[PDB]
Every structure is written in C-alpha cells, then in structure tokens.
Amino acid sequence: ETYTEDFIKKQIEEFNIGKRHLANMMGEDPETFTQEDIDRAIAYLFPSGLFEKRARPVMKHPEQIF
Amino acid sequence: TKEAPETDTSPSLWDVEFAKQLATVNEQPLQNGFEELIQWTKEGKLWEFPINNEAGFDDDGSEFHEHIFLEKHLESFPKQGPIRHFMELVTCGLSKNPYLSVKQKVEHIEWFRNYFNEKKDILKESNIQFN
Amino acid sequence: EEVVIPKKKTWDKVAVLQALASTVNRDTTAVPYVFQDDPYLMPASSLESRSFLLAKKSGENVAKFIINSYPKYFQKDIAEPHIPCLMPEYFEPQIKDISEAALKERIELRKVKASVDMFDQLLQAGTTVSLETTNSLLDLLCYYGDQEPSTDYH
Amino acid sequence: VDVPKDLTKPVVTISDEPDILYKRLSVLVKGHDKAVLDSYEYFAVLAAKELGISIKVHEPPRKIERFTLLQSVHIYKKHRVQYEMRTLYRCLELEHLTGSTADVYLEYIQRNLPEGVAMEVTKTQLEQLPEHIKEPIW
Amino acid sequence: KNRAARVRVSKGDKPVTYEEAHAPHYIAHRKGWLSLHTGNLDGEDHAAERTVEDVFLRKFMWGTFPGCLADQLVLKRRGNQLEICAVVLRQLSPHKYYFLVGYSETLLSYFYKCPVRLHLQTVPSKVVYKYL
Amino acid sequence: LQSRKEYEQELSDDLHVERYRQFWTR
Amino acid sequence: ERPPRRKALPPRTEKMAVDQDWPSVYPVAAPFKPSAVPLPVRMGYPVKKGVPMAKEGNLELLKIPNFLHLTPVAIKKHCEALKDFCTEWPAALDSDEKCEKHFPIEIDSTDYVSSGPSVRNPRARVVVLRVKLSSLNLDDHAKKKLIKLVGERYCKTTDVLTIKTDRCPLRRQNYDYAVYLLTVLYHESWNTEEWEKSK
Amino acid sequence: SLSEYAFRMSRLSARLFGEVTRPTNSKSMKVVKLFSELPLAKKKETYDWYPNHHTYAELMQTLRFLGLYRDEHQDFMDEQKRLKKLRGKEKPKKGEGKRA
Amino acid sequence: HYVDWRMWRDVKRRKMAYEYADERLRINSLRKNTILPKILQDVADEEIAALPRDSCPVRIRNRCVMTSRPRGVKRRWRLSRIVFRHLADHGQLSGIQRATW
Ligand SMILES: [Mg+2]
Ligand SMILES: [Mg+2]
Ligand SMILES: [Mg+2]
C-alpha cells in the first residue's frame, strides 16, 4: 500500500468531518474538542478490553496514523 | 346505549372477522428499534424487565405452609411406632425440598401408604399394625 | 412520629420502552427500519421497496410452512416463561368420532369441506344437532361462500 | 419540519397502595472485559445522577479460574495447554430507593446491559414489625 | 510445533483475514471472541447449552448461505435476545439475501424458542488483512 | 450404657397447627 | 444481463449533518454498522509499516459491545422521560438510623440477569430476614430464651438476628416463611414452660 | 452431652424450624437427605446431557431435501458413493450378499 | 442419528433411569435406615434388584456431546478435551482464553 498525498489529503478531510460528528455525540463544543477528548469518547463508545493498546479502536490524525 | 351487552354469548365469526379488519387499518410496519421490542414484549417473545426469575412460574398458587407442614397427609399412617418415625423423616425431608411441588410431595407420601397396605402381613409379624 | 410513604405508581409492562421511544425521533438519512441498513441491501426504488418486503415475508411464510409440515423437530420448549406464539400450529382435527362435540372442533378450524361433510353424516346418523352448532356452521359457510380458506400449501 | 404535533405519553397511574422502600441496591455486574464494565459504569452512574439517585461505585477484586488440558490428542502427558476465564466485577451501591424508583432504574439499565455481562442485584427491603408481634398473646 | 488454528505460511499469495491470521494466544490480546454470552462467567449456569447452540448456528449459517459468508460469525446474547452478525459478499442478489434473512430469523426463533435477529454487513470482496 | 430420660421421650407439641395457626395470614 | 452488476449505494454517513440528532441514528442497542457510523474509527493490530484496518469490513469493531446507543446526550434525554415513572423518597428518613427506628426489619432478595432462553435461577428463591432484638418488645426472660432457640442465627456483636429461608420453591413463599419464623420465635420465647425451672 | 434445659431447648428449636425432633442416628438421617434433594437421574443435567441428535440431524436432512440447506459434508459422500458405483464397488443387496 | 452405538446406549440408560428415578428413590429409602424392621428391608432389597439393570444411575457415563469421547470431558461444557480446544482456540467460546501468568 502506497499512500499518495491526494489520499492523505482526503483522510484529513474525513477526520475533520468525523471529529465534529464525534463531538455531537458526546454533547461537547466541536471547536474546543481536543485529541484527549477523542480517546475518551472512543473508549466509551467502543469499549475494548484487548490487552494490547494498539489493537483497540483508535481515531487519530492521519499524519500520526499513516 | 345498551345497558347489558351480551358478553356471555360467544361472538360469531362475522364479528371476529370484522374486528380483524379494524386492526388492519391501524397496522403499520416497524419504524425503529423501540417498536420491535414493544411488539415482542406484547407478544411475549421478549422477557419482561426488570428481570424476575419466577416470571410465569407459580406452582398452583401454593402457600408456604403447604410445602412445609405435611402432617395433614399422615393421618392414615399409625400415630406411633417405627412407621410414624420413618414417615416423620420423609416429611421432614420433603419439607426441605424446593424442587418438588405440593402435588409431587403428596405422591411420595401416598406411595408409602399404598406400599404398607400391600405389606400389612409382613408388618403384623413384626408387631406393627397398619390400618 | 409518623412517616409518610408515597403512593406506588403502576405502569404497563411496555410503558418504559414507549417512554424511551419518545426521546428519539425518526431518522431522515435512513431507509425504513424493516429493510436492512446496509448500502448494498438498502432498497433503491419504490419497486424494490415493495419487492424486498414481499421477499422477506416470503421467507417467513416458507419457514412457517416447514414448522407446520414437520412439527416434531420444534416441540422441545426450553423458553422460560413459555412462549405460545413460538410453537407449531396444528390445523388437523384430533377427534375422529362422529358427534356434535367433535364437529365443533372442525368448525373452529374453519374446515368448511370437513364440517359440511360431517354435518350431513351426523344428520344421517339421526343424532340431533344443537341450534348454536348449526348457527355456527352457517356463519363459517356464509362468510367463506362454501369455499376453503386460503392455506400455505396442500 | 416534519416533527410530531402532539405526543401521547405513556399512561402512569398513581395507585392507592403504599409503595415499597428499598434501603440499598448492590448492583454487581460481572464480565470478561474491563472496558465494557467501565463503559457500563459510566452509563449507570450518569443515569442515576439524572434521576436523582444516590450511587456509590467500587470495584470488587477480580476472580480468575484456570484449568489444565492435554495438548496432544494422543499421549505426550508432559505437554499441556492452560486456559483461563477472567471474571471482572463492578459494584453499584444505590441507597434510599422506593419500589417504583428502583423498578424503573433497573429496567432502564438491564435492557441496556451489554452482551457477555451478567448482573446480580441484591435488594434490601425495609418493613415494619408484623401486627402479630406488636404484643404477646399469652 | 503448535498447529492449532495457525495458518501456515504460503509463498505470499494466500489471503487471510484478521481473525484467521492470529494464533490462539491472541484471543485476549489482539482479537476478541466470536461469541459473547454469560455462560462462562463465574457462578453462571447453562454453559454447556450455549456452546451447543453456538456450534449449530455456525454450521446452519454456513449451509443457509453457501459461499456467501466472507468471515466468521459474531454471536451476541442480551437476555432473551439473540443477535447474529455476519459479513457476506455482494454476489448473491438482494432478493435472495432478503429471503434467507426472513427464513433464518423465523426458523431459528421457533427452533430455540427465543427471538433472533440477523444482521448482514455486505462487503465488495473478502477483506484481506495480510498475504501469507 | 444406654441413657434414657423422661423428658427425652416427650413428643414436641405441634404448636404450628394448634397454637400458631392464626399467624399464617397477615 | 440487461443491467450491469448491482452497485452498492454510497453510505448514508455522508448525508449526516454535523448537528444531527445522533440518538435517532441509534435508538436501541444495535451492532456496529460501518455505513451508519460517521466516524473514521480504525481497529486492529497494524502490520509493519501498516495502519489499523478500516471500519468497513472490520470484524473486530463488530465484536465490540459498542455504547453508540447510550451516548451522554441520549442518557440525559432518556432520564427526562423517566422522571414521571419514579416516586419521591421520604424526606423523614434522612439517615440510616431514622430508617431503623421506623423500619427495624430488613428483607434481602436477589435477582439475576443472564443471557439465554431460560430465566429460571434457583438462587433467586433465597430470602434473608434481619432484625435487631433491641427493637423487639422483649423482656429479660424471652430475650435469653430467644437467643438459645435461634443458636448462631443471632450475632451478639451487632445484636442482629438473621433468618435464612430457602425451603419453598418461590421467593414469596420463602418471604412468608421468614416472617412466620420470626412470629413463632418471638411468641415461643415469651412462653414460659414448666421444664424451664431446671435451668 | 447436654443438660435437661439444653436438650429440651434444642428439641424445641427443631420443632420451630421444622428439623428432626425425635432422636435419629446418622444412618437414618440419610432418608431426610434423600427426599430433600432431587435424585441424580432427575437432575436436568442427567436426562438432558445430550442434545437431541435425532432432532438436529433429521432437521438438517429435511432442510437439505427442501433445498434451503446445502450440506457440503453430505454432498462429499454422495459424490464419493457415486464414483464407487461407476468403479463397481457398489453396496451388495441385503440377504443376497457375496456369502450365502 | 447419534455419534455411535455407545452414545445411543447411554441415552437409553439416561432415559430409563429418569423414568425409574422416583420409584427407585422410594424403594431405596426403606433400605437406608435402621427404623424399619429387617424383614421389610429385605423385601425392599429384592424389589429394587428386580428393577431393570439400565435404570441404575451408576451405569450412566458422562460422554462428550459432540464426539462421544468417554474420558477427558469437561463437565461444565460437556465436551471432550480435543473438541473443547478446537472451539476455544478459534475464539468461539465466550470468555475463554489462553492462560499465561
Ligand atoms: Mg511445545
Ligand atoms: Mg459412522
Ligand atoms: Mg462411572
């Protein structure tokens, strides 16, 4: 898998769109929503007790993931 | 309107079918997840919450004294002697059994009553009188 | 000192779910809940909307046919409390005697052909027939016009 | 704009029968996953606060059961495979609940109980002395 | 060498899904359980009955959807409810899929005397986690 | 050595049926 | 084939606004549907120089008992409709001591929630009754006799008598038996027998 | 090993709680245990130890004939059985076997 | 349609023992006590021995419900050790995982 700049650009666009949706679910202001709030929302919404933290559901910026 | 309807008389098939047509106009498919569980609970498919482990289970509406106090079923048995002592253990054991209904407990009591009736001759030779 | 205990409130067994359903509204971006919520399985036309429901109802009718055709495989009840609506249905009469009491069983089963034949046999045997039983037979025959009710399969 | 005009609320009838008082409710939930219990704890705590119900939460110590099985289908006794079934706990302590209040809260949380999680509710009921024990009869 | 639920390495052309790739020592670390019920929890009964029902459902859905399933089934139990989640392919026509859903839901509900819901997640092709 | 006493052979009164039968209700 | 192969529609997440009523999307507990969740969530152990698997076709996200149906907005909205279903706790019983003074008898019963077709559970029939002897109309003679009759059912440290009844199949039947035992034990303790003079 | 007061008080407690009143040795107390619990056979574990294999096998056999279930294992044996008939290794008729 | 004849025989043993369980318990109660006369006990001994052999609960053998394996059976799941591992190692048994500590 080779990730071109066009593909990464679309991923960041979806991340920004999804982040506002995530703040809507938690009832928090999207403008003040931070990265730490994303993990707290993800852990509650998708509770995973897998021992390895990398196997748990994750929602980060595409730059940090890819 | 009419003071006393003929509720005792069973309605005819025409009346029953007419009521079905009334439910047809009000019949619509499910709209969300809540409506599915509401329909299932009404139909009895889904459990009724909060959870009751005895839901739908009532052993003939028996009271606690029926299960525990079983001396009323030992009237035919001799009032004294080994038979009364033996049956006292059985009734004490049956009073501690939560897996047997009152009807089932009586069957065990009645079994020994019939068993000793068939074995009266043996009991008589052992200085024991039954009935 | 005396303490006041509030009065107990009673509600129907489905009251809580009806209360919860009030909180949420309909979803504008979704197809009706009866259909699958999958992009490949979501209907894409009003024609598909009718056909998919008919296809789904066809599967239930086929499943209901097998249960009634082979009740022996579905007679083990392990549900507590018992579920009357999840049990095989029996449509054949269970009393073979030629009598008024047995005739009423076929009347309840809406077997117009069986009822009319047995009624004639009962009349030929000379046994009297109750007026209510005769009236009950007329209602079944008049409503269906001496025609068998539609069944799954014969 | 396609919002309902009038909503028919579910019928609730205030009966003349006095209600039942529950002193405490020890809602213990058991599961194989700690994250699920943590998420369920957040749902239960938040539901209790919005209903005006006092709740205290503590985590009972976990229980792990281990058993040993043979590895090879035939012989080879020295080689085994060991499995475990971890049971993780979470206790919810509700206090000063009436019969109706506890009935609604339990139904709301039991229907939303996640799969793979079991619940054990210990209900303490407050009752007065029986009329026969008011005064001796002898 | 351990041989249990371990897909041996091929020449690099064998597609394996996420579940098939991980060895049994990952069922608590990198993959979850394909079935979820309170049978195996401490102080819980009816563990044996749930196991037999799960085995039948996997074999039933395998034959009810021949060549349609793209991954292992997911079984969920919440009280009396029983939910079956499957990932199927987009080859069979939606008319055939809808017929089976209605048939399978009704047949299994009457067989186990409990309400059953079947959820399908179609994919364009079988998802490949890695090539062994 | 066999120990038999007068009070050890006294049957216990069935107070449930006679003395406290009225307590089965309310 | 007159038409081409059937084309799957784009997922409906693209039609969801940022200010949509999310609880309507997940009214009840439902499995994770990638076409219904507008979140770019990834789950799975990534391969070397790889990324976690996408939400589409992800079985791991399907095995998570997700709480998408219990978002904090929905929870606060759900409890608003349930306020009419509850009753106000009496303000007179401010503390536990006030509860003991007016309600000296406590009854313990257990309910079990398990997943399956059968709801029966033998452990639910157990009824436990606890009452302090200080709250009973007991004199010196009856109190001393009551302790001997119950044996270890009475805890001297807490002055609490515990009666456990599980003989009857039903919980309600066991509750009556526990109340019956307390009634009989109290009255029998008061009764003074002639043989008690040999103490 | 008890006084008169203790013995009668203990006997009184047994009557109140429904335990055994008359003096009973250890051997005869088994009768109480026999009827206090279900027999080993009567337990749901014993008589329902196996699933109804008649129900499971015949249902799938019937569903296979109805065409709603595809038994891949059964299709394997049918094909293997068919190839043996071509090869001549067909099942001999009962009674009219190779040995008489 | 059971796994083999040995499993089928066990089902017959379990079915017969369930039918005779109530009758066998009542007769066996007369024997396990010292209250009844020895004459009555001896009659009860012959009566219980006249019951069918397969009705005895001691002849019931716990076998795997999948492969009818006599030994190596976990009673909680009623599966043999080999069958249990096959389901457990694939993640098809809820809450069961490899144990490392
Ligand atoms: Mg090794
Ligand atoms: Mg064979
Ligand atoms: Mg043995």
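No value in this document is a laboratory result; all are computed from the given coordinates. Reconstructed Cβ throughout: ideal geometry from the backbone, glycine too, with neighbour counts over all protein chains shown.
For the stretch H:12-100, give me every one of the helices (runs of 4 or more DSSP H) that falls completely inside it and has 3 or more residues that are away from chain B (no Cβ under 14 Å).
The qualifying helices (runs of 4 or more DSSP H) are H:53-66, H:72-87.
Among the listed residues B:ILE51, B:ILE38, identify the single one that is part of a helix (DSSP H, G or I), within 14 Å of chain C (Cβ to nearest Cβ) and buried (at least 19 other Cβ atoms within 10 Å of the Cβ).
From the options B:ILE51, B:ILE38, the qualifying one is B:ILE38.
From the list I:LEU79, I:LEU36, pick out the single residue that is within 25 Å of H:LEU38 (Cβ to Cβ), within 11 Å of chain D (Cβ to nearest Cβ) and surrounded by 21 or more Cβ atoms within 10 Å (Cβ to Cβ).
Being within 25 Å of H:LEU38 (Cβ to Cβ), within 11 Å of chain D (Cβ to nearest Cβ) and surrounded by 21 or more Cβ atoms within 10 Å (Cβ to Cβ) holds for just one of I:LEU79, I:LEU36, which is I:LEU79.
Scan (1) over 30 Å from I:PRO70 (Cβ atoms); (2) within 16 Å of ligand 1 (Cβ to nearest atom) for the single condition D:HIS79 breaks and write down its number.
Every condition holds for D:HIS79 apart from (1).
Is there a residue in the stretch B:3-26 that is facing another protein chain (nearest Cβ under 7 Å), touching an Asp or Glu at 6+ places or on another chain (Cβ under 9 Å), buried (at least 17 other Cβ atoms within 10 Å of the Cβ) and not aliphatic (A, V, I, L, M)?
Within the stretch B:3-26, not a single residue is facing another protein chain (nearest Cβ under 7 Å), touching an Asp or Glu at 6+ places or on another chain (Cβ under 9 Å), buried (at least 17 other Cβ atoms within 10 Å of the Cβ) and not aliphatic (A, V, I, L, M).
Since D:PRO114 meets every condition but one in (1) within 30 Å of I:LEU87 (Cα to Cα); (2) outside any loop (DSSP other than H, G, I, E, B), which condition does it not meet?
Failing condition for D:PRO114: (2).
Name the one entry in I:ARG9, I:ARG71 that is without any contact (Cβ under 8 Å) to a residue 24 or more places away in the chain, more than 7 Å from every other protein chain (Cβ to nearest Cβ), within 16 Å of ligand 3 (Cβ to nearest atom) and assigned to a helix (DSSP H, G or I). Don't jump to the end; show me each part of the working.
Values: I:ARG71 fails: assigned to a helix (DSSP H, G or I).
After applying the criteria, what remains is I:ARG9.
Sort out which residues of the stretch G:67-96 are assigned to a loop (DSSP other than H, G, I, E, B), more than 9 Å from chain D (Cβ to nearest Cβ) and crowded, with 22+ Cβ neighbours inside 10 Å, and write them in order of number.
G:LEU68, G:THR71
Considering the stretch C:6-29 alone, what residues qualify as being surrounded by fewer than 18 Cβ atoms within 10 Å (Cβ to Cβ), over 29 Å from the mean Cα position of the chain (by Cα) and in a loop (DSSP other than H, G, I, E, B)?
Listed by number, the residues that qualify are C:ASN25, C:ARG26, C:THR28, C:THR29.
Condition test on H:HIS73, is it closer than 30 Å to E:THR51 by Cα, of a type outside the set (D, E, K, R) and exposed (fewer than 15 other Cβ atoms within 10 Å of the Cβ)?
Taking the combined requirement at face value, the residue satisfies it.
Kindly provide the set of residues from the stretch B:99-117 that are away from chain H (no Cβ under 12 Å) and in contact with a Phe, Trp or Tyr (Cβ under 9 Å, 6 or more places away or on another chain), ordered by number.
Those that are away from chain H (no Cβ under 12 Å) and in contact with a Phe, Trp or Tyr (Cβ under 9 Å, 6 or more places away or on another chain): B:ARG113, B:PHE116, B:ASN117.
Residue by residue through the stretch E:1-60, note down the ones that are within 16 Å of ligand 1 (Cβ to nearest atom) and within 24 Å of I:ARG75 (Cβ to Cβ).
Selection gives E:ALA4, E:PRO24.
Yes or no, residue by residue, for (1) of a type in the set (D, E, K, R); (2) within 14 Å of ligand 3 (Cβ to nearest atom):
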site	(1), (2)
I:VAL58	no, yes
I:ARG76	yes, no
I:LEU87	no, no
I:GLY91	no, no
I:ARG98	yes, no
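Looking at G:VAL113 and the list (1) at the interface with chain D (Cβ under 10 Å from one of its Cβ atoms); (2) farther than 27 Å from E:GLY43 by Cα; (3) among the aliphatic types (A, V, I, L, M), which single condition is not satisfied?
Here G:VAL113 clears every test but (2).
Please specify each residue of the stretch E:80-101 satisfying the condition of being in contact with a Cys (Cβ under 7 Å, 6 or more places away or on another chain) and within 14 Å of chain B (Cβ to nearest Cβ).
Selection gives E:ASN80, E:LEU82.
For the structure I just gave you, tell me whether I:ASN62 is away from ligand 1 (no atom under 16 Å from the Cβ), within 9 Å of chain H (Cβ to nearest Cβ), assigned to a helix (DSSP H, G or I) and surrounded by fewer than 20 Cβ atoms within 10 Å (Cβ to Cβ).
It is false that I:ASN62 is away from ligand 1 (no atom under 16 Å from the Cβ), within 9 Å of chain H (Cβ to nearest Cβ), assigned to a helix (DSSP H, G or I) and surrounded by fewer than 20 Cβ atoms within 10 Å (Cβ to Cβ).
I want to confirm something. Restricting to the stretch D:46-79 and keeping residues that are under 28 Å from D:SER26 (Cα atoms) and assigned to a loop (DSSP other than H, G, I, E, B), which single residue is nearest to ligand 3 (Cβ to nearest atom)?
D:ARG62
Does D:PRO114 meet the test of being under 14 Å from the mean Cα position of the chain (by Cα) and exposed (fewer than 14 other Cβ atoms within 10 Å of the Cβ)?
Taking the combined requirement at face value, the residue does not satisfy it.
Across the stretch E:75-132, what is the number of residues that are closer than 23 Å to C:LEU53 by Cβ, without any contact (Cβ under 8 Å) to a residue 12 or more places away in the chain and part of a loop (DSSP other than H, G, I, E, B)?
Count: 1.
Scan the stretch I:88-101 for residues that are under 25 Å from G:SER114 (Cβ atoms) and either in a loop (DSSP other than H, G, I, E, B) or more than 7 Å from every other protein chain (Cβ to nearest Cβ) (or both) and jot them down. Even if it seems obvious, please write down each step before you answer.
Initial filter on the stretch I:88-101 (under 25 Å from G:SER114 (Cβ atoms)): I:88, I:90-97, I:99.
Matches in the stretch I:88-101: I:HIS90, I:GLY91, I:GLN92, I:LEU93, I:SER94, I:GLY95, I:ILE96, I:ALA99.
E:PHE65 passes all but one of (1) touching a helix residue (DSSP H, G or I) at 6+ places or on another chain (Cβ under 6 Å); (2) closer than 22 Å to G:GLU56 by Cα; (3) within 14 Å of chain C (Cβ to nearest Cβ); (4) not β-branched (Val, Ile, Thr); which number fails?
(1)
For the stretch G:181-198, indicate whether the set of residues that are closer than 30 Å to D:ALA118 by Cβ, in contact with a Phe, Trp or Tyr (Cβ under 6 Å, 6 or more places away or on another chain) and either free of Cβ contacts under 8 Å to residues at least 24 places away in the same chain or not in a helix (DSSP H, G or I) (or both) is non-empty.
No - not one qualifying residue is present in the stretch G:181-198.
Please indicate, with yes or no, whether at least one residue in the stretch I:14-30 is within 16 Å of ligand 3 (Cβ to nearest atom), among the charged types (D, E, K, R), within 13 Å of chain H (Cβ to nearest Cβ) and in contact (Cβ under 8 Å) with a residue 24 or more places away in the chain.
yes
Taking interchain pairs and intrachain pairs at least six residues apart, which have beta carbon atoms under 7 angstrom, with the first residue in the stretch C:34-48 and facing another protein chain (nearest Cβ under 8 Å) and the second surrounded by fewer than 16 Cβ atoms within 10 Å (Cβ to Cβ) and part of a loop (DSSP other than H, G, I, E, B)?
C:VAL34/B:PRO29; C:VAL34/B:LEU30; C:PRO39/G:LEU9; C:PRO39/G:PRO10; C:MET42/G:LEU9; C:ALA44/G:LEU9
Any idea which residue in the stretch G:129-174 is surrounded by the fewest Cβ atoms within 10 Å (Cβ to Cβ), counting only those that are assigned to a strand (DSSP E or B) and within 14 Å of chain B (Cβ to nearest Cβ)?
G:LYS164
Which condition does I:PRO57 not pass, out of (1) within 8 Å of chain H (Cβ to nearest Cβ); (2) within 16 Å of ligand 1 (Cβ to nearest atom), if it passes all the others?
That leaves (2) as the condition not met.
Report yes if D:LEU7 is away from chain A (no Cβ under 14 Å) and free of Cβ contacts under 8 Å to residues at least 60 places away in the same chain, otherwise no.
Considered against the rule, which asks whether it is away from chain A (no Cβ under 14 Å) and free of Cβ contacts under 8 Å to residues at least 60 places away in the same chain, D:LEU7 comes out as yes.
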